[PDB]
């Protein structure tokens, strides 16, 4: 009866907290957290955290107002400390770091991260340490500090060597390595391998992450100029399943690339504004991707000529000529093209490769 009426109670609380979340009543849920506190002392420290963690998770998926969200976390952490529930305090603090990150509150996502690690490093069961090291790698990268983001991730993967992780943890580790080889625009080749490991690892487990990895595999393939490969990849038995607007964007960019068409690439950037320009990681490579498209299109226009009017190239790509001259002279300077320019009577000469 008493091993029983407490179990029905745990259900009760979660279920009502669940109901508050659905009809979006943040105030009452903040109250539910405050009110359940006495109760928590009648169950194991371990079952306790489970409950408290579960509820704050409910609060943070509510659009409750960042400040109110952050408050509620500092409140529960405060309470956890003034109650000596260390494991839970720590795991609450980890959830707060996550919140700061998703909020763009990055200097504090570092400050708390800095604290919690000192603690976590001096202990066993490094599962949480991983969470936090990867979270650091994420936040350092969000702040543009590549070395210290690479540095944090190397730790994480080293920690994850002794343990055997859940696929979703593994997955995130491969997504990060993926992101970070790509970030300096320097190793799209191995960046791709991580994204493929990530994809292989997220597939049938977490399929938003799964889609994201695939998408990024495609990005890299494009970025390598290997956008022919893109079809065969999507084609394969497992990828098809993942059809959507994200995949259509990549296929559509891949296509502009194969066709060497800037006009198509402009078209695809604006039809797929959401899937591309608004994707933090894609958006990172759009700048230099834009260059390749311009160059490729220029090469395509130039290709039949051994000597061509700059005005002709300019009408053909539809850009002001002052600009178009400037670009071609840069390609010549940078050994990106084998020709020379008659600034005088407006002509570009092309040499036998």
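Positions refer to the first chain, counted from 1.
Higher average CA B factor: 28-36, of the stretches 313-321 and 28-36. Between 331-339 and 7-15, it is 7-15 that carries the larger average Cα temperature factor according to the deposited entry. Across the options 238, 262, 222, 179, the residue with the most elevated CA B-factor in the record is 238.
Among 285, 326, 45, 300, the highest C-alpha B-factor recorded in the PDB entry belongs to 45. Annotation for residue 129: C-alpha temperature factor in the highest third relative to the rest of the modelled chain, per the entry. Per-chain ranking of the deposited C-alpha B factor places residue 61 in the middle third.
Residue 274 sits in the highest third of its chain by CA B factor, as recorded in the PDB entry. Among all modelled residues in this chain, the alpha-carbon of residue 308 has a temperature factor (C-alpha) in the lowest third. Among the modelled residues of the chain, residue 174 sits in the lowest third by CA temperature factor in this PDB entry.
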